[PDB]
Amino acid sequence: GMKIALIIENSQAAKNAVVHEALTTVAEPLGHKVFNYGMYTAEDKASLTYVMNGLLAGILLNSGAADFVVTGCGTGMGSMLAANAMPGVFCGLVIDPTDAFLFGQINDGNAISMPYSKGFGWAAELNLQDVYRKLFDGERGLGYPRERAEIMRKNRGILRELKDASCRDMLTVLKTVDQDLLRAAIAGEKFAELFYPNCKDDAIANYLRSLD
């Protein structure tokens, strides 16, 4: 069972319900728990940009409040970039079910960003489900092909070490980032309710509270 967090920015806010619905439909019966961090509607007082999506993703993943993050934007590129700017975050840009499958088996990342405008029309919510089914059902990182799973597992490790060298720890990032950006990123009405009970890292929880 995974704690899966959903984060949606203002350009695509009106699509949050649909996406949340696809996600709960697939992940809940699989024994996971879905947390909708919003935006819930385009009229939310607490508005998010794709940059905040990435920052929030970093908070959730590093704190243990989420095991996996689902996000995106019009094309999904913005949110991908922002998320990958964060320590400990490995965010794929996933389009189809094969992409999802391979992402899960080869890269075994902890976030995905998808397009919710570009290529998103009739039945796009059905592709979302197909993708969720590839990601959240089954063991991840077994590699494809399972034989070649060795080189891949190794490389993933080397990547983590490389990123450990480039990126500062999340707490440091929280202390040094634009503080209005940070406040905005966590300003959602349900944030406190969803986060604090699930946050395993006291220092992060303490810092964020300290903003009050």
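In case it trips you up, residue 1 is the first one in the sequence shown, and so on.
If you average the C-alpha B-factors over 136-144 and over 85-93, the higher value belongs to 136-144. Averaged over Cα atoms, the B-factor as recorded in the entry is higher for 178-186 than for the other of 56-64 and 178-186. Between the residues 69, 46, 173, 51, the entry's highest C-alpha temperature factor is the one at 46. Among the modelled residues of its chain, residue 30 has a C-alpha B-factor that falls in the highest third according to the deposited record. Sorting the modelled residues of the chain by their CA temperature factor places residue 203 in the middle third. Per-chain ranking of the deposited C-alpha B factor places residue 168 in the lowest third. Per the PDB record, residue ranking by Cα B-factor puts residue 110 in the lowest third of the chain. Ranked by C-alpha B-factor against the other modelled residues of its chain, residue 116 falls in the lowest third.
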